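One file, entry20.tsv, is given below (TSV, C-alpha atoms and all ligand atoms).
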chain	number	residue	atom	x	y	z
N	1	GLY	CA	-91.01	54.21	43.25
N	2	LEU	CA	-91.90	53.04	39.66
N	3	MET	CA	-94.03	56.23	38.94
N	4	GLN	CA	-92.38	58.01	35.93
N	5	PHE	CA	-93.70	61.32	34.55
N	6	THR	CA	-94.37	61.09	30.78
N	7	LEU	CA	-95.19	63.95	28.41
N	8	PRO	CA	-97.09	63.87	25.15
N	9	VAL	CA	-94.96	62.89	22.14
N	10	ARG	CA	-94.26	66.44	20.78
N	11	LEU	CA	-93.15	67.66	24.27
N	12	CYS	CA	-91.19	64.45	25.04
N	13	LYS	CA	-89.12	65.20	21.84
N	14	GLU	CA	-89.00	69.05	21.85
N	15	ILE	CA	-88.14	69.30	25.65
N	16	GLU	CA	-84.66	67.88	24.75
N	17	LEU	CA	-83.91	70.82	22.38
N	18	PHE	CA	-82.43	74.12	23.66
N	19	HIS	CA	-85.23	76.20	21.98
N	20	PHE	CA	-88.24	74.43	23.61
N	21	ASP	CA	-90.99	76.81	24.89
N	22	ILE	CA	-92.84	75.28	27.93
N	23	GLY	CA	-96.26	76.46	26.56
N	24	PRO	CA	-99.19	78.50	27.98
N	25	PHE	CA	-100.65	75.65	30.12
N	26	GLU	CA	-99.42	76.58	33.66
N	27	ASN	CA	-100.69	73.30	35.19
N	28	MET	CA	-98.20	71.35	33.01
N	29	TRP	CA	-95.11	73.33	34.24
N	30	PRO	CA	-94.66	71.38	37.54
N	31	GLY	CA	-94.74	68.05	35.71
N	32	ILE	CA	-92.30	69.37	33.04
N	33	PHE	CA	-89.80	70.24	35.86
N	34	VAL	CA	-90.21	66.83	37.61
N	35	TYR	CA	-89.74	65.16	34.19
N	36	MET	CA	-86.48	67.11	33.73
N	37	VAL	CA	-85.20	66.27	37.30
N	38	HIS	CA	-86.02	62.50	36.81
N	39	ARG	CA	-83.97	62.35	33.48
N	40	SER	CA	-81.24	64.88	34.59
N	41	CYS	CA	-80.65	63.37	38.04
N	42	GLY	CA	-82.75	60.18	38.46
N	43	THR	CA	-86.11	59.10	40.01
N	44	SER	CA	-84.13	58.62	43.34
N	45	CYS	CA	-82.67	62.22	43.64
N	46	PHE	CA	-85.67	63.50	45.64
N	47	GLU	CA	-88.75	62.11	47.42
N	48	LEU	CA	-91.63	62.86	44.97
N	49	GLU	CA	-94.01	63.86	47.92
N	50	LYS	CA	-91.29	66.38	49.09
N	51	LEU	CA	-90.28	67.62	45.59
N	52	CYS	CA	-93.98	68.22	44.67
N	53	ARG	CA	-94.47	70.16	47.93
N	54	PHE	CA	-91.25	72.18	47.30
N	55	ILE	CA	-92.23	73.03	43.64
N	56	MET	CA	-95.71	74.21	44.70
N	57	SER	CA	-94.33	76.39	47.55
N	58	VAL	CA	-91.75	77.89	45.11
N	59	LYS	CA	-94.60	78.56	42.61
N	60	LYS	CA	-96.62	80.29	45.38
N	61	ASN	CA	-93.68	82.72	46.11
N	62	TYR	CA	-93.37	83.97	42.47
N	63	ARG	CA	-95.58	87.01	41.89
N	64	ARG	CA	-97.92	87.90	38.99
N	65	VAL	CA	-95.46	90.25	37.29
N	66	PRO	CA	-95.12	90.40	33.50
N	67	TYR	CA	-91.68	88.76	33.12
N	68	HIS	CA	-90.01	87.73	36.45
N	69	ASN	CA	-92.68	85.09	37.16
N	70	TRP	CA	-93.18	81.34	37.57
N	71	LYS	CA	-92.95	80.82	33.72
N	72	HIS	CA	-89.39	82.37	33.67
N	73	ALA	CA	-88.29	80.18	36.61
N	74	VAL	CA	-89.37	77.05	34.67
N	75	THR	CA	-87.99	78.38	31.30
N	76	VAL	CA	-84.55	79.02	32.98
N	77	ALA	CA	-84.59	75.53	34.58
N	78	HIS	CA	-85.33	73.95	31.18
N	79	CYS	CA	-82.31	75.71	29.52
N	80	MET	CA	-80.13	74.33	32.37
N	81	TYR	CA	-81.69	70.86	31.78
N	82	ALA	CA	-80.68	71.15	28.05
N	83	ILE	CA	-77.07	72.09	29.03
N	84	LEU	CA	-76.75	69.26	31.61
N	85	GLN	CA	-78.20	66.67	29.18
N	86	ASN	CA	-75.79	67.77	26.36
N	87	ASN	CA	-72.79	67.66	28.79
N	88	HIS	CA	-73.58	64.36	30.63
N	89	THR	CA	-70.18	63.44	32.15
N	90	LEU	CA	-68.88	66.99	33.11
N	91	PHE	CA	-71.15	67.46	36.18
N	92	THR	CA	-71.24	65.81	39.63
N	93	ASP	CA	-74.47	64.25	41.05
N	94	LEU	CA	-74.76	67.17	43.56
N	95	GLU	CA	-74.28	69.71	40.74
N	96	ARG	CA	-77.20	68.24	38.71
N	97	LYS	CA	-79.45	68.24	41.90
N	98	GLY	CA	-78.42	71.82	42.86
N	99	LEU	CA	-78.50	73.65	39.52
N	100	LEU	CA	-82.09	72.63	38.48
N	101	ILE	CA	-83.29	73.80	41.92
N	102	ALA	CA	-81.08	76.92	41.72
N	103	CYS	CA	-82.72	77.82	38.37
N	104	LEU	CA	-86.33	77.24	39.59
N	105	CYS	CA	-85.54	79.43	42.69
N	106	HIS	CA	-83.24	82.04	41.13
N	107	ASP	CA	-85.87	84.86	40.97
N	108	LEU	CA	-88.09	83.99	44.02
N	109	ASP	CA	-90.33	86.86	45.19
N	110	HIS	CA	-89.15	89.20	42.41
N	111	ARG	CA	-91.28	92.37	42.28
N	112	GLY	CA	-90.29	93.38	38.68
N	113	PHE	CA	-87.76	96.08	39.78
N	114	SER	CA	-83.91	96.23	39.37
N	115	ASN	CA	-81.37	96.46	42.24
N	116	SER	CA	-80.95	100.22	41.17
N	117	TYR	CA	-84.67	100.90	41.76
N	118	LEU	CA	-84.55	99.29	45.26
N	119	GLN	CA	-81.52	101.55	46.13
N	120	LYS	CA	-83.04	104.79	44.75
N	121	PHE	CA	-86.37	103.95	46.48
N	122	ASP	CA	-84.41	103.08	49.69
N	123	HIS	CA	-86.11	99.69	50.08
N	124	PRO	CA	-85.40	97.81	53.33
N	125	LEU	CA	-83.79	94.99	51.18
N	126	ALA	CA	-81.19	97.67	49.98
N	127	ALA	CA	-80.10	98.15	53.66
N	128	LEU	CA	-80.04	94.39	54.39
N	129	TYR	CA	-77.99	93.55	51.15
N	130	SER	CA	-75.83	96.36	49.62
N	131	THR	CA	-74.92	94.37	46.47
N	132	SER	CA	-76.74	91.75	44.43
N	133	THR	CA	-79.80	92.94	46.47
N	134	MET	CA	-82.61	90.88	44.79
N	135	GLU	CA	-80.28	87.86	44.31
N	136	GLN	CA	-79.34	87.67	48.05
N	137	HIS	CA	-83.13	87.93	48.70
N	138	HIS	CA	-83.90	85.08	46.20
N	139	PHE	CA	-81.31	82.79	47.83
N	140	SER	CA	-82.75	83.73	51.29
N	141	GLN	CA	-86.31	82.85	50.10
N	142	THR	CA	-84.91	79.49	48.77
N	143	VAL	CA	-83.48	78.60	52.25
N	144	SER	CA	-86.83	79.63	53.88
N	145	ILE	CA	-88.84	77.28	51.62
N	146	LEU	CA	-86.25	74.45	52.16
N	147	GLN	CA	-86.87	74.83	55.95
N	148	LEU	CA	-90.74	74.55	55.81
N	149	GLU	CA	-91.81	71.14	57.39
N	150	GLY	CA	-92.02	68.44	54.64
N	151	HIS	CA	-90.08	70.66	52.13
N	152	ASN	CA	-86.46	69.51	52.73
N	153	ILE	CA	-85.78	67.80	49.36
N	154	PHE	CA	-82.08	67.35	50.39
N	155	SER	CA	-82.89	65.52	53.74
N	156	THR	CA	-80.99	62.31	52.67
N	157	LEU	CA	-77.76	64.17	51.70
N	158	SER	CA	-75.11	63.92	54.51
N	159	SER	CA	-74.35	67.03	56.55
N	160	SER	CA	-71.38	67.89	54.19
N	161	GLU	CA	-73.10	67.06	50.86
N	162	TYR	CA	-75.99	69.30	52.16
N	163	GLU	CA	-73.59	72.27	52.75
N	164	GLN	CA	-71.96	71.74	49.30
N	165	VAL	CA	-75.39	71.73	47.54
N	166	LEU	CA	-76.60	74.96	49.36
N	167	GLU	CA	-73.20	76.47	48.41
N	168	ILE	CA	-73.72	75.53	44.68
N	169	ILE	CA	-77.26	77.05	44.85
N	170	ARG	CA	-76.03	80.24	46.60
N	171	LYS	CA	-73.23	80.96	44.07
N	172	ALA	CA	-75.55	79.97	41.12
N	173	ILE	CA	-78.25	82.42	42.33
N	174	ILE	CA	-75.82	85.28	43.12
N	175	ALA	CA	-74.24	84.89	39.61
N	176	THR	CA	-77.66	85.66	37.98
N	177	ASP	CA	-76.88	89.30	38.95
N	178	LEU	CA	-75.97	90.62	35.46
N	179	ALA	CA	-73.67	93.30	37.10
N	180	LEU	CA	-71.33	90.34	37.98
N	181	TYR	CA	-71.61	88.68	34.51
N	182	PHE	CA	-69.16	91.04	32.68
N	183	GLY	CA	-66.06	90.32	34.78
N	184	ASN	CA	-66.95	86.64	35.21
N	185	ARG	CA	-67.00	86.20	31.41
N	186	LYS	CA	-63.78	88.34	30.96
N	187	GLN	CA	-61.93	86.04	33.41
N	188	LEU	CA	-63.39	82.92	31.75
N	189	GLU	CA	-62.26	84.40	28.34
N	190	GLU	CA	-58.58	84.98	29.52
N	191	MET	CA	-58.49	81.47	31.16
N	192	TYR	CA	-59.83	79.66	28.04
N	193	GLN	CA	-57.37	81.62	25.71
N	194	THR	CA	-54.17	81.40	27.92
N	195	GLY	CA	-55.12	77.65	28.45
N	196	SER	CA	-55.22	77.98	32.31
N	197	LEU	CA	-58.97	76.94	32.41
N	198	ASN	CA	-59.14	73.90	34.73
N	199	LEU	CA	-62.49	72.16	35.56
N	200	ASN	CA	-60.89	70.31	38.55
N	201	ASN	CA	-60.22	73.82	40.03
N	202	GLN	CA	-63.31	74.59	42.21
N	203	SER	CA	-63.03	78.45	41.69
N	204	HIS	CA	-63.00	77.72	37.88
N	205	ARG	CA	-66.04	75.38	38.03
N	206	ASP	CA	-67.73	78.16	40.07
N	207	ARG	CA	-67.09	80.69	37.20
N	208	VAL	CA	-68.27	78.18	34.50
N	209	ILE	CA	-71.47	77.40	36.50
N	210	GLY	CA	-71.97	81.19	36.88
N	211	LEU	CA	-71.77	81.66	33.08
N	212	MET	CA	-74.26	78.71	32.61
N	213	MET	CA	-76.60	80.66	34.96
N	214	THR	CA	-76.31	83.85	32.86
N	215	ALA	CA	-76.88	81.70	29.69
N	216	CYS	CA	-80.06	80.03	31.12
N	217	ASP	CA	-81.34	83.32	32.60
N	218	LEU	CA	-80.97	85.06	29.20
N	219	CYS	CA	-82.32	82.03	27.19
N	220	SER	CA	-85.34	84.04	25.82
N	221	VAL	CA	-82.83	85.34	23.20
N	222	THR	CA	-82.22	81.65	22.10
N	223	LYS	CA	-85.87	80.73	21.27
N	224	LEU	CA	-87.71	80.82	17.91
N	225	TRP	CA	-88.16	84.42	16.72
N	226	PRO	CA	-91.91	84.59	17.61
N	227	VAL	CA	-91.09	83.46	21.29
N	228	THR	CA	-88.13	85.92	21.49
N	229	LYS	CA	-90.19	88.84	20.19
N	230	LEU	CA	-93.24	88.18	22.42
N	231	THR	CA	-91.06	87.69	25.52
N	232	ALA	CA	-89.37	91.09	24.73
N	233	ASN	CA	-92.84	92.75	25.29
N	234	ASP	CA	-93.06	91.17	28.79
N	235	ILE	CA	-89.56	92.29	29.83
N	236	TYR	CA	-90.24	95.88	28.50
N	237	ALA	CA	-93.57	95.95	30.47
N	238	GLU	CA	-91.57	95.62	33.73
N	239	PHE	CA	-88.88	98.10	32.61
N	240	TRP	CA	-91.38	100.75	31.58
N	241	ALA	CA	-93.25	100.30	34.92
N	242	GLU	CA	-89.85	100.78	36.74
N	243	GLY	CA	-89.28	103.85	34.51
N	244	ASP	CA	-92.68	105.22	35.60
N	245	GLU	CA	-91.66	104.64	39.30
N	246	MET	CA	-88.28	106.36	38.64
N	247	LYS	CA	-90.22	109.45	37.39
N	248	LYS	CA	-92.48	109.30	40.52
N	249	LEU	CA	-89.27	109.56	42.66
N	250	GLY	CA	-88.25	112.59	40.44
N	251	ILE	CA	-85.56	110.73	38.39
N	252	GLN	CA	-85.38	110.56	34.55
N	253	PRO	CA	-84.99	106.80	33.99
N	254	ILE	CA	-82.51	105.44	31.40
N	255	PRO	CA	-84.11	105.22	27.90
N	256	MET	CA	-84.38	101.39	28.35
N	257	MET	CA	-87.07	102.02	31.03
N	258	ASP	CA	-88.72	105.12	29.45
N	259	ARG	CA	-91.97	104.14	27.64
N	260	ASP	CA	-91.73	107.49	25.68
N	261	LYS	CA	-88.64	105.98	23.90
N	262	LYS	CA	-90.26	102.63	22.74
N	263	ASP	CA	-89.21	103.59	19.13
N	264	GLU	CA	-85.55	102.76	20.20
N	265	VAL	CA	-86.27	99.14	21.39
N	266	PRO	CA	-84.89	97.48	18.19
N	267	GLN	CA	-81.52	99.33	18.62
N	268	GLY	CA	-81.54	98.62	22.42
N	269	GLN	CA	-81.96	94.87	21.71
N	270	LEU	CA	-79.04	95.05	19.18
N	271	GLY	CA	-76.70	96.58	21.85
N	272	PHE	CA	-77.79	93.94	24.33
N	273	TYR	CA	-77.14	91.04	21.85
N	274	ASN	CA	-73.70	92.53	20.91
N	275	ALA	CA	-72.60	93.65	24.48
N	276	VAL	CA	-74.13	90.75	26.55
N	277	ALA	CA	-75.92	87.81	24.84
N	278	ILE	CA	-73.49	86.92	21.90
N	279	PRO	CA	-70.37	87.19	24.15
N	280	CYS	CA	-72.15	85.10	26.85
N	281	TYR	CA	-73.06	82.16	24.49
N	282	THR	CA	-69.69	82.49	22.58
N	283	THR	CA	-67.62	81.94	25.82
N	284	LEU	CA	-70.12	79.19	26.89
N	285	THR	CA	-69.70	77.42	23.47
N	286	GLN	CA	-65.84	77.55	23.69
N	287	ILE	CA	-65.95	76.01	27.24
N	288	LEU	CA	-68.81	73.48	26.56
N	289	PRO	CA	-68.97	72.75	22.84
N	290	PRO	CA	-72.41	71.02	22.85
N	291	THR	CA	-74.13	74.41	23.80
N	292	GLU	CA	-73.44	75.80	20.28
N	293	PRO	CA	-77.21	75.71	19.43
N	294	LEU	CA	-77.78	78.55	22.03
N	295	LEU	CA	-75.09	80.64	20.21
N	296	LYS	CA	-76.58	79.80	16.78
N	297	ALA	CA	-80.21	80.67	17.87
N	298	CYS	CA	-78.97	83.94	19.49
N	299	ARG	CA	-77.20	84.95	16.21
N	300	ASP	CA	-80.43	84.14	14.26
N	301	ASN	CA	-82.41	86.46	16.63
N	302	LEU	CA	-79.70	89.19	16.28
N	303	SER	CA	-80.29	89.00	12.52
N	304	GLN	CA	-84.11	89.23	13.13
N	305	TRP	CA	-83.62	92.51	15.14
N	306	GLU	CA	-81.35	93.76	12.30
N	307	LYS	CA	-84.39	93.24	9.96
N	308	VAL	CA	-86.79	95.03	12.36
N	309	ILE	CA	-84.45	98.13	12.24
N	310	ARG	CA	-84.18	97.95	8.35
N	311	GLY	CA	-88.03	98.35	8.12
N	312	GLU	CA	-88.32	94.70	6.73
N	313	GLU	CA	-90.60	94.05	9.85
Y	1	LIG	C1	-79.60	97.34	27.04
Y	1	LIG	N1	-80.81	97.77	26.41
Y	1	LIG	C2	-81.08	99.09	26.04
Y	1	LIG	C3	-82.42	99.08	25.50
Y	1	LIG	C4	-83.26	100.18	25.03
Y	1	LIG	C5	-84.59	99.98	24.66
Y	1	LIG	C6	-85.41	101.03	24.27
Y	1	LIG	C7	-84.93	102.33	24.28
Y	1	LIG	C8	-83.60	102.53	24.64
Y	1	LIG	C9	-82.76	101.48	25.05
Y	1	LIG	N2	-82.94	97.81	25.59
Y	1	LIG	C10	-81.99	97.00	26.11
Y	1	LIG	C11	-82.35	95.56	26.29
Y	1	LIG	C12	-82.91	95.20	27.60
Y	1	LIG	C13	-82.91	93.80	28.05
Y	1	LIG	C14	-82.28	93.56	29.33
Y	1	LIG	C15	-82.19	92.27	29.89
Y	1	LIG	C16	-82.71	91.20	29.12
Y	1	LIG	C17	-83.29	91.54	27.84
Y	1	LIG	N3	-83.72	90.44	27.08
Y	1	LIG	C18	-84.94	90.51	26.21
Y	1	LIG	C19	-85.96	89.38	26.43
Y	1	LIG	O1	-85.56	88.07	26.88
Y	1	LIG	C20	-84.44	88.06	27.80
Y	1	LIG	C21	-83.36	89.15	27.70
Y	1	LIG	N4	-83.39	92.82	27.28
Y	2	MG	MG	-82.88	87.85	38.70
Y	3	ZN	ZN	-84.06	85.47	35.99
Go ahead and express the file in the form of structure tokens.
Ligand SMILES: Cn1cc(-c2ccccc2)nc1/C=C/c1cccc(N2CCOCC2)n1
Ligand SMILES: [Mg+2]
Ligand SMILES: [Zn+2]
Amino acid sequence: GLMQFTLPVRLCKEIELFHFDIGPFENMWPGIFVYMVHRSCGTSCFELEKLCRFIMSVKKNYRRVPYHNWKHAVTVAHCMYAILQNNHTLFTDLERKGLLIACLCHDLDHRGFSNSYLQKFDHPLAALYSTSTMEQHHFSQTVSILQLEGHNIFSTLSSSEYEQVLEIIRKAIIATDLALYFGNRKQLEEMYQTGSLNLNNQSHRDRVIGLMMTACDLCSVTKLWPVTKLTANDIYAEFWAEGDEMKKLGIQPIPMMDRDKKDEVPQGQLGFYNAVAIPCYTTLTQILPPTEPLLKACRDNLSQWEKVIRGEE
């Protein structure tokens, strides 16, 4: 009951900043997540015995892939922790409970391949889920783990609170499908600008939580340049692997996934910052002003890619 998690001083301070990197010590990641739940939600939100069992089963169902791994799950949950802590009073008790879990679970049993690769390969999951294929799978794996004996961290929610929380987690996980991001942000843009944005409107909250999910999922672009750059190598290691598998099925992959076209990575990151990242954190900053540091860090990293291209690194 009175058993707090405490971190060393540097982590205890830096974990509160948007740009915190959880470090290379894997055995500290579970404790970092519990720390964030206890301050985001309270020491009462979950039974520690059950949360600890849930965390370790979720860890087990992330694979040893270069990018879409247990480290990303925890990184994405920390960005959400930063947003919730900088926006205390905008979020219900159930929302704070659901979103940290949604973030930890959002990429469960990822194999390092896109929805396109599953469809061109004709993977069973592409027949079971025609759109947001991996994301429907990740939500499904979440429900599985929640139903293992001793793993129901929501046991003490009422029947109806329970259904609300699994509904928050479902929409939050589905929204991590970047194919859905573009129109979600366009609608959030029109609503903010025409002044129709209304946080008491459930379908509006849903959109805003969805943009938060894209923001946390993409938060590698909001770290210190050396974290941003080194993470870019991990994400390209998956893409180039998928490119290799595209060629094995007899399909020229897009340049993004073609390891022969590595030269063009700096320009490809530029397009991505301009077309996805900057717009994402811009609309998030307009809706939730305290998330401006994510926009500011993203702009700094855009400038760092501009320098790579100009031969200054
Ligand atoms: C859109 N595009 C095009 C190219 C490219 C590269 C080389 C040759 C030709 C084209 N490359 C990107 C970018 C990919 C990409 C996609 C999703 C996330 C992400 N980041 C980087 C690391 O941390 C989190 C988000 N980057
Ligand atoms: Mg994903
Ligand atoms: Zn992800």
Using the file's own x, y and z axes, what box holds all listed atoms of stretch 229-232 of chain N with 5 Å on each side, keeping edges along x, y and z, and what are its centre and edge lengths in Å to one decimal, as lines of an AutoDock Vina configuration file?
center_x = -91.3
center_y = 89.4
center_z = 22.9
size_x = 13.9
size_y = 13.4
size_z = 15.3
* **Point-to-point distance from atom CA of residue N:138 to atom CA of residue N:126, Å rounded to tenths** => 13.4 Å
* Contacts of residue N:229 within 9 Å, all atoms listed in the file, excl. fewer than 6 positions in-chain, as a PyMOL selection string -> chain N and resi 220-221+301
Please produce a file of the residues just selected, as a CSV table (one decimal), keeping the file's coordinate frame, where the atoms kept are C-alpha atoms.
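The resulting file, out.csv, is reproduced below:
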chain,number,residue,atom,x,y,z
N,220,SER,CA,-85.3,84.0,25.8
N,221,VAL,CA,-82.8,85.3,23.2
N,301,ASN,CA,-82.4,86.5,16.6
* Structure fact -> Here atom CA of residue N:273 and atom CA of residue N:222 stand apart by 10.7 Å
* Which one of N:198, N:140, N:187, N:75 sits closest to ligand LIG 1 (chain Y) if you count all atoms listed in the file? ->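 Smallest distance to ligand LIG 1 (chain Y) is found for N:75.
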Select all residues near (-59.8, 79.2, 28.9) (cut-off 12 Å, inclusive, file coordinates), counting all atoms listed in the file, and output them as a PDB file with C-alpha atoms, in the frame of the given file.
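Output file result.pdb follows:
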ATOM      1  CA  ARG N 185     -67.000  86.200  31.410  1.00  0.00           C
ATOM      2  CA  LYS N 186     -63.780  88.340  30.960  1.00  0.00           C
ATOM      3  CA  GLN N 187     -61.930  86.040  33.410  1.00  0.00           C
ATOM      4  CA  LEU N 188     -63.390  82.920  31.750  1.00  0.00           C
ATOM      5  CA  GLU N 189     -62.260  84.400  28.340  1.00  0.00           C
ATOM      6  CA  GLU N 190     -58.580  84.980  29.520  1.00  0.00           C
ATOM      7  CA  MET N 191     -58.490  81.470  31.160  1.00  0.00           C
ATOM      8  CA  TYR N 192     -59.830  79.660  28.040  1.00  0.00           C
ATOM      9  CA  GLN N 193     -57.370  81.620  25.710  1.00  0.00           C
ATOM     10  CA  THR N 194     -54.170  81.400  27.920  1.00  0.00           C
ATOM     11  CA  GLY N 195     -55.120  77.650  28.450  1.00  0.00           C
ATOM     12  CA  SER N 196     -55.220  77.980  32.310  1.00  0.00           C
ATOM     13  CA  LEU N 197     -58.970  76.940  32.410  1.00  0.00           C
ATOM     14  CA  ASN N 198     -59.140  73.900  34.730  1.00  0.00           C
ATOM     15  CA  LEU N 199     -62.490  72.160  35.560  1.00  0.00           C
ATOM     16  CA  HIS N 204     -63.000  77.720  37.880  1.00  0.00           C
ATOM     17  CA  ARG N 205     -66.040  75.380  38.030  1.00  0.00           C
ATOM     18  CA  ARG N 207     -67.090  80.690  37.200  1.00  0.00           C
ATOM     19  CA  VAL N 208     -68.270  78.180  34.500  1.00  0.00           C
ATOM     20  CA  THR N 283     -67.620  81.940  25.820  1.00  0.00           C
ATOM     21  CA  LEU N 284     -70.120  79.190  26.890  1.00  0.00           C
ATOM     22  CA  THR N 285     -69.700  77.420  23.470  1.00  0.00           C
ATOM     23  CA  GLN N 286     -65.840  77.550  23.690  1.00  0.00           C
ATOM     24  CA  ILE N 287     -65.950  76.010  27.240  1.00  0.00           C
ATOM     25  CA  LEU N 288     -68.810  73.480  26.560  1.00  0.00           C
TER      26      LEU N 288
END
* **Residue neighbourhood stretch 253-256 of chain N, 10 Å, only C-alpha atoms, exclusion window fewer than 4 positions, as a PyMOL selection string** => chain N and resi 117+236+239-240+242-247+260-262+264-265+268-269
* May I ask which of the residues N:128, N:77, N:94, N:251 is the closest one to residue N:158, counting all atoms listed in the file? =>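 With all atoms listed in the file as the atom set, the closest residue is N:94.
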* Structure fact -> If you count only C-alpha atoms and all ligand atoms, the residue of N:54, N:154, N:305, N:18 closest to ligand LIG 1 (chain Y) turns out to be N:305
